[PDB]
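**Student:** Structure file data-v7.txt, compact mmCIF, C-alpha atoms and all ligand atoms, is pasted below:
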```txt
# COMPACT_ATOMS: atom_id res chain seq x y z
CA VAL Z 401 10.96 -1.46 11.62
CA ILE Z 402 7.38 -2.37 10.68
CA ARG Z 403 5.65 -5.17 8.77
CA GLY Z 404 5.06 -5.14 5.03
CA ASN Z 405 1.27 -4.93 5.34
CA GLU Z 406 1.51 -1.65 7.28
CA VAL Z 407 3.92 0.43 5.17
CA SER Z 408 0.89 2.29 3.74
CA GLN Z 409 -0.10 3.36 7.27
CA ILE Z 410 2.87 5.78 7.35
CA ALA Z 411 1.00 8.54 5.52
CA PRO Z 412 -0.92 11.71 6.49
CA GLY Z 413 -4.54 10.85 7.25
CA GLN Z 414 -4.33 7.12 7.96
CA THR Z 415 -5.60 4.81 10.70
CA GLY Z 416 -5.10 1.17 11.62
CA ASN Z 417 -2.67 -0.15 14.22
CA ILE Z 418 0.63 1.71 13.79
CA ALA Z 419 -0.99 5.03 12.87
CA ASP Z 420 -3.31 5.07 15.90
CA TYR Z 421 -1.33 3.48 18.75
CA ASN Z 422 2.34 3.59 17.68
CA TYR Z 423 3.35 6.35 15.24
CA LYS Z 424 1.00 9.06 13.95
CA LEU Z 425 1.90 11.62 11.22
CA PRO Z 426 0.25 15.07 11.06
CA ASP Z 427 -2.35 15.99 8.46
CA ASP Z 428 -0.27 18.90 7.10
CA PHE Z 429 2.93 16.84 6.99
CA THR Z 430 5.67 17.90 4.59
CA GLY Z 431 8.56 15.50 4.21
CA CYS Z 432 9.55 12.15 2.76
CA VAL Z 433 8.98 8.54 3.82
CA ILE Z 434 11.67 6.00 2.88
CA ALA Z 435 11.03 2.27 3.23
CA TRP Z 436 13.03 -0.74 2.07
CA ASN Z 437 12.94 -4.48 2.72
CA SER Z 438 15.24 -5.85 5.42
CA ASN Z 439 14.59 -9.60 5.28
CA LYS Z 440 18.33 -10.38 5.24
CA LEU Z 441 19.14 -8.30 8.34
CA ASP Z 442 16.00 -8.37 10.53
CA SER Z 443 14.77 -11.96 10.35
CA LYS Z 444 15.72 -15.28 11.93
CA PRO Z 445 14.66 -18.88 11.18
CA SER Z 446 13.69 -19.33 14.84
CA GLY Z 447 11.83 -16.00 14.85
CA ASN Z 448 13.02 -12.44 15.52
CA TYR Z 449 11.30 -11.39 18.76
CA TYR B 351 -13.17 -19.25 -16.19
CA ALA B 352 -15.05 -20.95 -13.31
CA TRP B 353 -14.54 -18.48 -10.47
CA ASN B 354 -16.38 -19.10 -7.20
CA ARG B 355 -18.80 -16.61 -5.66
CA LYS B 356 -19.51 -16.64 -1.92
CA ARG B 357 -22.39 -14.74 -0.33
CA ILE B 358 -21.52 -13.06 2.98
CA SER B 359 -24.62 -12.03 4.92
CA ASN B 360 -26.20 -11.98 8.41
CA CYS B 361 -22.91 -11.49 10.26
CA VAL B 362 -20.52 -8.84 11.60
CA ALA B 363 -17.53 -8.15 9.35
CA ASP B 364 -14.13 -7.26 10.80
CA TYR B 365 -11.76 -6.13 8.06
CA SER B 366 -8.65 -5.88 10.25
CA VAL B 367 -8.06 -9.66 10.18
CA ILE B 368 -7.74 -9.70 6.38
CA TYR B 369 -4.13 -8.54 6.73
CA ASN B 370 -3.44 -11.41 9.14
CA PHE B 371 -5.11 -13.96 6.84
CA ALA B 372 -3.09 -13.35 3.66
CA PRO B 373 0.29 -11.68 2.87
CA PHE B 374 -0.72 -9.03 0.33
CA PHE B 375 0.61 -5.52 -0.28
CA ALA B 376 -2.31 -3.35 -1.39
CA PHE B 377 -5.95 -3.43 -0.29
CA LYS B 378 -6.84 -1.63 -3.51
CA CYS B 379 -10.42 -0.34 -3.22
CA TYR B 380 -12.39 1.72 -5.72
CA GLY B 381 -15.62 3.14 -4.31
CA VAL B 382 -14.50 3.14 -0.68
CA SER B 383 -11.32 3.36 1.40
CA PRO B 384 -9.73 0.43 3.29
CA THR B 385 -9.49 2.40 6.54
CA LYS B 386 -13.18 3.42 6.63
CA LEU B 387 -14.65 -0.05 6.06
CA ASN B 388 -15.32 -0.70 9.77
CA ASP B 389 -17.52 2.36 10.41
CA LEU B 390 -20.20 2.25 7.70
CA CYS B 391 -21.88 -0.83 6.29
CA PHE B 392 -23.68 -2.43 3.37
CA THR B 393 -26.43 -4.86 2.42
CA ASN B 394 -24.51 -7.88 1.09
CA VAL B 395 -20.85 -8.66 0.38
CA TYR B 396 -19.77 -11.09 -2.35
CA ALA B 397 -16.28 -12.59 -2.55
CA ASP B 398 -14.92 -13.82 -5.90
CA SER B 399 -11.75 -15.92 -5.89
CA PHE B 400 -9.59 -17.04 -8.82
CA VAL B 401 -5.97 -17.45 -9.94
CA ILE B 402 -4.41 -15.54 -12.85
CA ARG B 403 -0.96 -14.65 -14.19
CA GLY B 404 0.95 -11.63 -12.85
CA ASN B 405 0.56 -9.88 -16.22
CA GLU B 406 -3.25 -9.93 -15.93
CA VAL B 407 -3.61 -8.59 -12.37
CA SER B 408 -3.83 -5.06 -13.78
CA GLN B 409 -6.83 -6.13 -15.91
CA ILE B 410 -8.99 -6.60 -12.78
CA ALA B 411 -10.31 -3.04 -12.83
CA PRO B 412 -13.53 -1.28 -13.89
CA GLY B 413 -13.59 -0.23 -17.53
CA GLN B 414 -10.70 -2.16 -19.08
CA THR B 415 -10.28 -4.70 -21.89
CA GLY B 416 -7.85 -7.54 -22.46
CA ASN B 417 -8.02 -11.34 -22.28
CA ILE B 418 -9.19 -12.02 -18.73
CA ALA B 419 -11.34 -8.87 -18.69
CA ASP B 420 -13.19 -9.81 -21.90
CA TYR B 421 -13.54 -13.61 -21.86
CA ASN B 422 -13.01 -14.66 -18.22
CA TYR B 423 -13.99 -12.01 -15.64
CA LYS B 424 -15.55 -8.62 -16.40
CA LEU B 425 -16.09 -5.90 -13.77
CA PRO B 426 -18.86 -3.30 -14.11
CA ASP B 427 -18.22 0.40 -14.57
CA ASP B 428 -20.08 1.18 -11.31
CA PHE B 429 -17.93 -1.24 -9.31
CA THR B 430 -17.76 -0.44 -5.59
CA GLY B 431 -15.35 -2.80 -3.86
CA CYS B 432 -11.78 -3.87 -3.25
CA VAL B 433 -9.41 -6.11 -5.23
CA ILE B 434 -6.95 -8.12 -3.13
CA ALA B 435 -4.11 -9.90 -4.95
CA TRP B 436 -0.95 -11.59 -3.70
CA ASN B 437 1.71 -13.92 -5.05
CA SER B 438 1.21 -17.69 -4.82
CA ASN B 439 4.56 -19.13 -5.91
CA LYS B 440 4.75 -21.47 -2.90
CA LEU B 441 1.35 -23.18 -3.26
CA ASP B 442 0.31 -22.78 -6.92
CA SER B 443 3.61 -23.60 -8.65
CA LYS B 444 5.23 -26.92 -9.57
CA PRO B 445 8.52 -27.70 -11.37
CA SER B 446 6.65 -29.94 -13.84
CA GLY B 447 4.05 -27.27 -14.65
CA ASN B 448 0.46 -26.60 -13.62
CA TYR B 449 -2.53 -27.71 -15.68
CA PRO W 499 12.27 -15.85 6.26
CA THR W 500 9.62 -18.37 5.12
CA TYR W 501 6.78 -15.84 5.43
CA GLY W 502 4.95 -14.20 2.55
CA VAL W 503 6.09 -11.01 0.88
CA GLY W 504 3.57 -8.93 2.86
CA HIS W 505 4.85 -10.19 6.23
CA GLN W 506 8.52 -9.33 5.67
CA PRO W 507 10.35 -6.80 7.87
CA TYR W 508 10.70 -3.30 6.44
CA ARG W 509 13.16 -0.65 7.64
CA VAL W 510 11.47 2.76 7.53
CA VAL W 511 13.25 6.12 7.75
CA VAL W 512 10.96 9.16 7.76
CA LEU W 513 12.56 12.52 6.96
CA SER W 514 10.40 15.33 8.39
CA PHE W 515 11.16 18.83 7.11
CA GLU W 516 9.78 22.08 8.46
CA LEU W 517 9.34 25.12 6.23
CA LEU W 518 11.59 28.12 6.76
CA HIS W 519 10.40 30.44 9.54
CA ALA W 520 13.65 30.69 11.53
CA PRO W 521 17.03 31.29 9.85
CA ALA W 522 18.01 28.23 7.85
CA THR W 523 20.54 25.92 9.47
CA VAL W 524 20.67 23.20 6.79
CA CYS W 525 21.04 24.07 3.10
CA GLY W 526 22.04 22.11 0.03
CA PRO W 527 25.11 22.54 -2.16
CA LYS W 528 24.84 25.87 -3.98
CA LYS W 529 27.65 28.35 -4.54
CA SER W 530 26.82 31.84 -3.29
CA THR W 531 27.12 34.99 -5.39
CA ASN W 532 28.11 38.54 -4.44
CA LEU W 533 25.15 40.81 -3.74
CA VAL W 534 24.22 43.55 -6.21
CA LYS W 535 21.87 46.48 -5.72
CA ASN W 536 19.78 48.95 -7.76
CA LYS W 537 19.45 46.57 -10.73
CA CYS W 538 16.66 44.34 -12.02
CA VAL W 539 18.21 40.93 -11.28
CA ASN W 540 17.11 37.40 -10.42
CA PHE W 541 17.62 36.59 -6.75
CA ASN W 542 17.70 33.38 -4.71
CA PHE W 543 17.40 34.00 -0.95
CA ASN W 544 17.43 30.72 1.04
CA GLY W 545 15.64 28.79 -1.71
CA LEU W 546 12.98 31.24 -2.94
CA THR W 547 13.45 32.78 -6.38
CA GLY W 548 12.03 35.80 -8.16
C1 LIG Z 601 -5.58 -22.15 7.08
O1 LIG Z 601 -6.37 -23.26 7.56
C2 LIG Z 601 -5.60 -24.42 7.95
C3 LIG Z 601 -6.59 -25.47 8.37
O2 LIG Z 601 -7.42 -25.02 9.42
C4 LIG Z 601 -4.62 -24.04 9.06
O3 LIG Z 601 -3.81 -25.17 9.37
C5 LIG Z 601 -3.75 -22.87 8.63
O4 LIG Z 601 -2.92 -22.46 9.71
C6 LIG Z 601 -4.61 -21.70 8.17
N1 LIG Z 601 -3.78 -20.60 7.72
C7 LIG Z 601 -3.72 -19.42 8.35
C8 LIG Z 601 -2.81 -18.39 7.74
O5 LIG Z 601 -4.36 -19.19 9.37
```
Just dump the structure as structure tokens.

**Tutor:**
Amino acid sequence: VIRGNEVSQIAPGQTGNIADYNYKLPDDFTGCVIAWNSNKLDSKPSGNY
Amino acid sequence: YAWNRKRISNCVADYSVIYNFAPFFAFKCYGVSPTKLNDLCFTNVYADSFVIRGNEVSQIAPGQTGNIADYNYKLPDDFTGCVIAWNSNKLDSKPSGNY
Amino acid sequence: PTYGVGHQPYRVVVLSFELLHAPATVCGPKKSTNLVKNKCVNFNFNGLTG
């Protein structure tokens, strides 16, 4: 589960914060990336920590 | 029709805090890439800020006509830069209408 | 929940396929056909045609 600003970092040949320190994809990657919003399930009014 | 222009010069620019400042989706750049902005550098950076309708966000592009792009804000064909747009329904919307 | 649309949580599932070098263990729904020989036919062996 990532933030909405960093969905584009899950791609071959990307840098930033997730793609450098958390989850890096190879340059010759074949496959599919599926992302959907989960505001109803993964958020709290007091803050999901 | 009266968009502001701010000159950014004589400083060190960090482009990673732009994502923390505003909740936008795409850092849509044209002459450069958003991930390579922190390595190389420029002479001067100008920031233009305005509010439009969601129909006319696509008109902010080099080489395109319309209503905003012809009479309000025209971009050159040799435009090198990034366009950052995000929704403003919580600050720029009223039930009685905005004038 | 009061954040902007760019700060919302996003569930990400990445499916990572590898191209066929070993014998295939996962294959989609396709009914097999009895093998013929010594005839100019169209074949489909584990996803490659010809
Ligand atoms: C914008 O500036 C105001 C005034 O300094 C501050 O209260 C607010 O938290 C700032 N917004 C962000 C997202 O930092």

**Student:** Check which residues fall inside 9 Å of ligand LIG 601 (chain Z) when counting all atoms listed in the file, and print them as a ChimeraX atom specification.

**Tutor:** /B:370-373

**Student:** Which of these, B:430, B:354, B:394, B:437, has the shortest distance to residue 379 (chain B) once you count all atoms listed in the file?

**Tutor:**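 Selected residue with least distance to residue 379 (chain B): B:430.
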
**Student:** Between Z:430, Z:422, Z:414, Z:446, which residue has the minimum interatomic distance to residue 402 (chain Z), considering only C-alpha atoms?

**Tutor:**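 The answer is Z:422, which sits nearest to residue 402 (chain Z).
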
**Student:** Around (4.5, -1.5, 5.4) in the file's frame, which residues reach within 12 Å when counting only C-alpha atoms? Return as an MDAnalysis selection string?

**Tutor:** (chainID Z and resid 401:411 416:419 433:438) or (chainID B and resid 369 373:376) or (chainID W and resid 503:511)

**Student:** As an exercise, work out the distance from CA of residue 415 (chain Z) to CA of residue 382 (chain B) in Å and give it to one decimal place.

**Tutor:**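 It comes out at 14.5 Å.
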
**Student:** Extract, using only C-alpha atoms, all DNA, RNA and protein residues at most 10 Å from residue 418 (chain B), discarding same-chain residues fewer than 6 positions from it, and format them as number ranges by chain.

**Tutor:** B: 351, 402-403, 406-407, 409-410, 424

**Student:** Reconstruct N, CA and C atoms of region 412-446 of chain Z from the incomplete input and present them as a tab-separated table (two decimals), in the coordinates of the input.

**Tutor:**
```tsv
chain	number	residue	atom	x	y	z
Z	412	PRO	N	-0.02	10.76	5.83
Z	412	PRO	CA	-0.92	11.71	6.49
Z	412	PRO	C	-2.39	11.36	6.25
Z	413	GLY	N	-3.13	11.17	7.34
Z	413	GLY	CA	-4.54	10.85	7.25
Z	413	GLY	C	-4.83	9.37	7.15
Z	414	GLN	N	-4.17	8.57	7.98
Z	414	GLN	CA	-4.33	7.12	7.96
Z	414	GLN	C	-4.61	6.62	9.37
Z	415	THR	N	-5.30	5.49	9.44
Z	415	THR	CA	-5.60	4.81	10.70
Z	415	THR	C	-5.14	3.36	10.60
Z	416	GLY	N	-5.49	2.57	11.60
Z	416	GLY	CA	-5.10	1.17	11.62
Z	416	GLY	C	-4.57	0.72	12.96
Z	417	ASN	N	-3.32	0.28	12.99
Z	417	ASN	CA	-2.67	-0.15	14.22
Z	417	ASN	C	-1.44	0.68	14.55
Z	418	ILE	N	-0.55	0.87	13.58
Z	418	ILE	CA	0.63	1.71	13.79
Z	418	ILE	C	0.23	3.18	13.86
Z	419	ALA	N	-0.67	3.62	12.98
Z	419	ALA	CA	-0.99	5.03	12.87
Z	419	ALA	C	-1.86	5.54	14.01
Z	420	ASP	N	-2.46	4.65	14.79
Z	420	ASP	CA	-3.31	5.07	15.90
Z	420	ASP	C	-2.67	4.86	17.27
Z	421	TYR	N	-1.89	3.80	17.45
Z	421	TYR	CA	-1.33	3.48	18.75
Z	421	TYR	C	0.19	3.57	18.82
Z	422	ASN	N	0.88	3.65	17.68
Z	422	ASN	CA	2.34	3.59	17.68
Z	422	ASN	C	3.00	4.83	17.12
Z	423	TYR	N	2.64	5.25	15.91
Z	423	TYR	CA	3.35	6.35	15.24
Z	423	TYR	C	2.37	7.07	14.32
Z	424	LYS	N	1.96	8.27	14.70
Z	424	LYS	CA	1.00	9.06	13.95
Z	424	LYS	C	1.70	10.25	13.32
Z	425	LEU	N	1.42	10.50	12.01
Z	425	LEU	CA	1.90	11.62	11.22
Z	425	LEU	C	0.84	12.72	11.16
Z	426	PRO	N	1.24	13.99	11.10
Z	426	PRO	CA	0.25	15.07	11.06
Z	426	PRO	C	-0.43	15.16	9.70
Z	427	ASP	N	-1.57	15.85	9.69
Z	427	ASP	CA	-2.35	15.99	8.46
Z	427	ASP	C	-1.68	16.92	7.46
Z	428	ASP	N	-0.98	17.95	7.95
Z	428	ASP	CA	-0.27	18.90	7.10
Z	428	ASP	C	1.22	18.57	6.99
Z	429	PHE	N	1.54	17.28	6.95
Z	429	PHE	CA	2.93	16.84	6.99
Z	429	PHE	C	3.62	17.09	5.66
Z	430	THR	N	4.75	17.79	5.71
Z	430	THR	CA	5.67	17.90	4.59
Z	430	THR	C	6.95	17.14	4.93
Z	431	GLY	N	7.43	16.37	3.97
Z	431	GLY	CA	8.56	15.50	4.21
Z	431	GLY	C	8.47	14.27	3.33
Z	432	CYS	N	9.39	13.34	3.58
Z	432	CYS	CA	9.55	12.15	2.76
Z	432	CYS	C	9.58	10.91	3.64
Z	433	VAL	N	9.01	9.83	3.13
Z	433	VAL	CA	8.98	8.54	3.82
Z	433	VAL	C	9.76	7.54	2.97
Z	434	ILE	N	10.77	6.93	3.57
Z	434	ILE	CA	11.67	6.00	2.88
Z	434	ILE	C	11.51	4.64	3.53
Z	435	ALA	N	11.19	3.62	2.72
Z	435	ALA	CA	11.03	2.27	3.23
Z	435	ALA	C	11.69	1.28	2.28
Z	436	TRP	N	12.41	0.32	2.85
Z	436	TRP	CA	13.03	-0.74	2.07
Z	436	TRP	C	12.95	-2.05	2.84
Z	437	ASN	N	13.01	-3.16	2.11
Z	437	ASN	CA	12.94	-4.48	2.72
Z	437	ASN	C	14.23	-4.81	3.45
Z	438	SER	N	14.10	-5.46	4.60
Z	438	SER	CA	15.24	-5.85	5.42
Z	438	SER	C	15.08	-7.29	5.89
Z	439	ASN	N	14.73	-8.19	4.95
Z	439	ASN	CA	14.59	-9.60	5.28
Z	439	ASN	C	15.93	-10.24	5.64
Z	440	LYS	N	17.02	-9.79	5.00
Z	440	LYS	CA	18.33	-10.38	5.24
Z	440	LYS	C	18.89	-9.99	6.60
Z	441	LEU	N	18.54	-8.81	7.12
Z	441	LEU	CA	19.14	-8.30	8.34
Z	441	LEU	C	18.25	-8.43	9.57
Z	442	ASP	N	16.93	-8.42	9.41
Z	442	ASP	CA	16.00	-8.37	10.53
Z	442	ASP	C	15.05	-9.56	10.54
Z	443	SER	N	15.58	-10.76	10.29
Z	443	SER	CA	14.77	-11.96	10.35
Z	443	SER	C	15.64	-13.14	10.75
Z	444	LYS	N	15.04	-14.08	11.48
Z	444	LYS	CA	15.72	-15.28	11.93
Z	444	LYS	C	14.84	-16.49	11.64
Z	445	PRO	N	15.45	-17.65	11.36
Z	445	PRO	CA	14.66	-18.88	11.18
Z	445	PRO	C	13.89	-19.31	12.41
Z	446	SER	N	14.41	-19.04	13.61
Z	446	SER	CA	13.69	-19.33	14.84
Z	446	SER	C	12.69	-18.24	15.21
```
